[PDB]
Amino acid sequence: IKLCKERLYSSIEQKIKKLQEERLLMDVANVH
Amino acid sequence: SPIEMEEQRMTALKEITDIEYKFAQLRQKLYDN
């Protein structure tokens with residue numbers, strides 16, 4: 001159960017990092 | 001007339017530019033939430 005929970009959480013934190021790079025590109029987009 | 005067209009096109013540019021402004025802060029507040 002430890003491995004399974006933290007594996008799915010690794011996926012959801014790659015989701016949060018998806019949004020990190022999202023706001024990276026919108027960071028340069030506000031620098032525009 | 002060139003004056004009419006000039007004021008028209010710059011008005012439209014200011015239009016879509018303030019649209020860009022408010023949609024950008026839309027992105028900001030959605031990000032926050």
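Reminder, nothing fancy here: chain letters follow the sequence lines and each chain counts from 1. No hydrogens, no waters, no symmetry mates; every other heavy atom, side chains included, goes into these values.
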If you link I, L, V, M, F, W and Y whenever their side-chain heavy atoms are under 4.5 Å apart, who else ends up in the same group as B:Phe23?
-> B:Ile19, B:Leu26, B:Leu30
Hey, could you give me each pair passing side-chain hydrogen bond (donor to acceptor under 3.5 Å, both in side chains) that has a residue in residues 1-15 of chain B? Not counting sequence neighbours.
-> none
Grouping ILVMFWY residues whenever side-chain heavy atoms fall under 4.5 Å, the cluster of A:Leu19 otherwise contains B:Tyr31
Write out all pairs satisfying salt bridge (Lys or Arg N to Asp or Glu O under 4.0 Å) with one or both partners inside residues 19-33 of chain B, taking only residues at least two apart or from two chains.
-> none
Kindly give the cluster partners of A:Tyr9, where membership spreads through any ILVMFWY side chain lying under 4.5 Å from a current member.
-> A:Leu8, A:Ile12
Look up atom CZ in A:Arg7 and atom OG in A:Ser11, then write down how far apart they are to the nearest 0.5 Å.
-> 5.5 Å
All pairs passing salt bridge (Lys or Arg N to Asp or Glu O under 4.0 Å) where residues 16-32 of chain A contributes a residue, at least two apart | A:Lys17-A:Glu21
Atom CG of B:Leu13 with >12 non-hydrogen neighbours under 6.0 angstrom | yes
Should side-chain heavy atoms under 4.5 Å link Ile, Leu, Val, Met, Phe, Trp and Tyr, which residues sit in the same cluster as A:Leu24?
-> A:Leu25, A:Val28
Just by distance, do the side chain of A:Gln20 and the backbone of A:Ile16 share a donor-acceptor pair under 3.5 Å?
-> yes
